[PDB]
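# Residue-level structure breakdown
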Amino acid sequence: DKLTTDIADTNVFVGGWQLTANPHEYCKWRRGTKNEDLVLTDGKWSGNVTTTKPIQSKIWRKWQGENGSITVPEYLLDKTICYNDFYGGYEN
Amino acid sequence: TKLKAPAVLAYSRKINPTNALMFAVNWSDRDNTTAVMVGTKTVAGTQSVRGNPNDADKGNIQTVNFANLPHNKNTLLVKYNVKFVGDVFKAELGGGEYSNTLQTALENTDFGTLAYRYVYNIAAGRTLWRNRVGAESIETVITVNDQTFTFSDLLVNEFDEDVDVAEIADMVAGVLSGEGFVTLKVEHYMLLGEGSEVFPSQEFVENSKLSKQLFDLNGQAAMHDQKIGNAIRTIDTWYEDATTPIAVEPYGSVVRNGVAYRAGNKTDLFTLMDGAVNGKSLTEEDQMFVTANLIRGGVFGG
Amino acid sequence: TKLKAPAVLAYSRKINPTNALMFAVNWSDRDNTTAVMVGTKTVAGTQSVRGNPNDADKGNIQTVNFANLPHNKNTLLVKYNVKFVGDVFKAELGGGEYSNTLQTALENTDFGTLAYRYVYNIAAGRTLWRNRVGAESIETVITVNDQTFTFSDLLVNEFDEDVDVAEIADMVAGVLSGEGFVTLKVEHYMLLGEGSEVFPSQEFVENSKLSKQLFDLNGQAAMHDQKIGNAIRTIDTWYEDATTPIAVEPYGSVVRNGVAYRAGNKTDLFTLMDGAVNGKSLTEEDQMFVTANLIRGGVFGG
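Residues numbered from 1 in each chain as written, not as in the entry; some residues may be left out. Chains lettered and ligands numbered in written order. Part of a larger assembly, values for the part shown. Heavy atoms only, no water. Residues with missing side-chain atoms left out of burial classes, pairs and counts.

As documented in the archive entry, the model was determined using cryo-EM at 3.75 Å resolution.

It is worth spelling out the interface of chain C and chain B at this point. In this assembly, 42 residues from chain C lie in contact with 32 residues from chain B. The contact between chain C and chain B buries some 2700 Å² in all, and 54% of this surface belongs to carbon and sulfur atoms. Run the count over chain C and chain B and you get two salt bridges. The salt bridge involving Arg50 of chain B is made with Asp274 of chain C; its shortest N-O contact spans 3.2 Å. At the junction of chain C with chain B, the criterion picks out twelve residue pairs in polar contact. For the side of chain C that touches chain B, the elements supplying multiple residues, two or more each, are β7 (75-85), β10 (181-191), α4 (225-232), β15 (253-254), β16 (259-260) and α5 (269-277) of chain C. (Contact = heavy atoms within 4.5 Å. Buried area = accessible area lost by both parts, 1.4 Å probe. Salt bridge = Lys/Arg side-chain N within 4 Å of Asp/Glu carboxyl O. Polar contact = N/O pair within 3.5 Å; in protein donor to acceptor, adjacent residues only side chain to side chain. Helix = DSSP H or I, 4+ residues; strand = E, 2+ residues; numbered from the N terminus.)

This paragraph deals with the pattern of salt bridges. Oppositely charged side chains can pair when the atoms bearing their charge come close. By the definition in use, this model includes 13 salt bridges over all chains. Across the pair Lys79 of chain A and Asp78 of chain A runs a salt bridge whose closest N-O atoms are separated by 3.5 Å. For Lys79 of chain A, a relative accessible area of 31% translates into the label partly exposed. By relative accessible area, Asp78 of chain A is classed as exposed at 65%. Between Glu139 of chain B and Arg30 of chain B there is a salt bridge; the shortest N-O distance is 3.0 Å. Remark: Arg30 of chain B occurs in the loop between β3 (20-25) and β4 (34-35) and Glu139 of chain B occurs in strand β8 (residues 138-144); sequence separation between them is 109 residues. The exposure class assigned to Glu139 of chain B is partly exposed, which follows from its relative accessible area of 21%. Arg30 of chain B sits in the buried class, given a relative accessible area of 18%. Each member of the salt-bridge network shares a partner with another, and the members are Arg233, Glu249 and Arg296 of chain B. (Buried < 20%, exposed > 50% of the residue type's maximum accessible area, 1.4 Å probe, protein only.)

With that settled, consider the nonpolar core. With 82 residues, the main nonpolar core has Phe84, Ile142 and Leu184 of chain C as its most contacted residues. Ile142 of chain C has contacts with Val119, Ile122, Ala123, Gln147, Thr148, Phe149, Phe151, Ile168, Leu184, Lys185 and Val186 of chain C, leaving out every residue within four places of it along the chain. Membership of the second largest hydrophobic core comes to 76 residues, among which are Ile15, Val172, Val198 and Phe300 of chain B. (Core = buried A, V, L, I, M, F, W, Y, C linked by side-chain atoms within 4.5 Å.)

Considering every one of the two pairs of chains in contact, the largest contact total is recorded for chains B and C. No part of chain A reaches chain C; the closest C-alpha pair between them is 11 Å apart.

All right, on to the sheet that holds strand β3 (residues 69-72) of chain A then. Residues and elements named next belong to chain A. Pairing is antiparallel in the open sheet, where three strands are placed in the order β2-β1-β3. Edge positions in the sheet fall to β2 (44-45) and β3, since each has one partner strand and no second. Examined bridge by bridge, strand β1 (residues 36-41) and β2 share two bridges and lie antiparallel to one another. Bridge pairing in β2 places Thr41 opposite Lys44. (Pairing = 2+ DSSP bridges.)

Here it is in structure tokens:
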């Protein structure tokens, strides 16, 4: 019902609309959420991150990180993503 | 049978020390005492934590509290009063069946060894904690019911036989076995050297600007009474694989080493206490341990 | 295996120096010690701050300290007692599942060299940073267990052989390898010249505050105890690309140069102690560095 043999506008047989910008606007490749990137720079986080401590009950392996970046949706940017060494992002 | 415990059962502190005030004296002139003051100094460190090495750069730079002897006197004096109190087997706020069966259970305990280890921890200067580090000579003056006892450097981890420690422990055991009380005014003289940094009790703080804050009373350097009292009951040499005396605790628990020395091997206070009430025979060292926890105090409820 | 380090693991400071009190003497009149007073001159100037442009019109009457020699004495005398203490392997907050493995991994430490470099930093003048600069004559007197030692010409950068430092290093290594303490009363006499300006240590001021605080005990110019402790442990010539002795840090980090020499290249203390308690073969120099850190002390937890 989405990959049908029609042309529609966001469909697959698209004809007539290739001339327009419609199949590249309404059918977006890797359509994701806003996605801002909170970046860890040498152990110091950029935005509203606040490093936390995991439960240390059954962790087998936990690797630490100092550089890199985490991809946070704009919805969860409102609150602190609370990055942690064991499990990355959550709501707390 | 099987009297379990009162859930409310608690015992009070039978060994009450005062806050150990610190003064600066000379080794020859011990009467001219001057208040060692807790000042604050600022400090530039190197930010050396175990984890991330990439913040080893830039300063650590924070303020802490310090207490040094002034550079005209070379001896640290520590003043406190330790009050041993009797009625040790009565529960202050616990029940009246379990408490009296525990009283009859520990009525034949060896109070002499208990009192000797307490008076030895007082007289060997174990109430001094890091202030003994680099001391030429530790002279302990214990005045008890108008009787002055002077002690030189005694070996602390072993409770070797001394006749003056046994002399004070005679009235301390007479107090602890029955009713009444006794007071020990204890003055420590350690030749720390002119200007040596002393170590008063540190404080627990959360939002303070000081990274380390020392305990003070009107600015004078002082030790916590709970720290001194913890060093009174560092007599436990009766746990499993005993090497050094640890503090008397219901679980033999030392916070610093992070391992409880009497938990998990059925040598804690509560199992022996329930056994002593329920009528199985206790050995002498664990009887002394249970009595030491009773005179330490604590809610043994649960 | 995989003996993971305790989070509470810390070691006490084992080289405890006092504050370096500073006096004015002559070169041939060494007994007449007059205390160097920190003078303080006022400077008139308006405030210029980033956060308050409205307050720049009037204010900031600042009064900056200074310390010179008096115009009748040409020699600056620096007195401090360095206290070396033993059992550097005892953790004070750590425990003994890791610290006992460290004891049995650093028992082969040549304390002789460690102590040599400590007493050489004591004697050669590493503890006299900006006031040994430009002095035509340097002298160090060390008094230790009623023994006097005289040092005149020791270049501070390399640890060359002199039997005088070695003599003291013996008893210092015997303390540090075993149990006990030793105290070196160190008096430095440097002939700078008539009325030459001297250099006390600096208290941390804010970005604003005043220009510079010099370190005062009871009005007299002095230098910080931790700053002398930085001088004594400045023995680290065993990191990769070692040009000059740096202060033994857990990360080999100097703040004033903006670089860390042992951080991030597997020669930091923490990887070496985990290698020691997991038992891989250490060389003599990095094991000596680890023992020097344990002498320095500090909390190593994570």
